[PDB]
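Before any questions on how it binds or moves, here is one chain, the form deposited in one PDB entry, in structure tokens.
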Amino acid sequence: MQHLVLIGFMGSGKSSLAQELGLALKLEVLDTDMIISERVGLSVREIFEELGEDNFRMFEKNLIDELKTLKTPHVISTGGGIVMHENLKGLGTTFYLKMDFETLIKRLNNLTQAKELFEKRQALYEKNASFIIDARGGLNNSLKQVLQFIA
């Protein structure tokens, strides 16, 4: 009865996979960015611009704590930066939707800096993941992997 939480970079297919999982499992699907924006009454971008990252993270940390009180399992897609929270593992079973950076950017040079930055972020998702899903085979292939792990 643990929430299934999908983490990873924006554009990795977390929302599409969350909807498919909720359908396969007959469970409700939640999106943390959607909930924060709906409550605060500003878009995620507007929240960052007008109220700042620290306030966004506060709404996010508070929402994670709130969703943990829900005993019924939900599927939960999350925004890119959620992995900075200490309370993230704790929310439920986490899945890193692992996509090669090259595909992500279409949707990086060993000797320049940006690659290291993307690698460090990946290292954070992996550190916070119960399971790593290979996203390269597409949505149905990712679904199969998730279902097999939880079964």
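Residues that one form lacks are left out of the comparison. Here, rigid core means the biggest group of C-alpha atoms that superpose within 1.5 Å across both forms. Note that residue numbering begins at 1 and tracks the sequence as displayed.
The modelled chain is continuous from residue 120 to residue 121, with every intervening residue of the deposited sequence accounted for.
Mean CA temperature factor is higher for 98-106 when stretches 98-106 and 78-86 are set side by side in the entry. Per the deposited coordinates, the residue with the largest Cα temperature factor out of 55, 32, 69, 93 is 69.
Absent from the display: the form deposited in another entry. The rest refers to it.
When both forms sit on the same rigid core, the CA shifts between this form and the one not shown reach 2 angstroms or more only at 120 out of 26, 120, 45, 39. Core aligned; the single run of 3 or more residues with all CA shifts at 2 Å or more between this form and the one not shown is 108-120.
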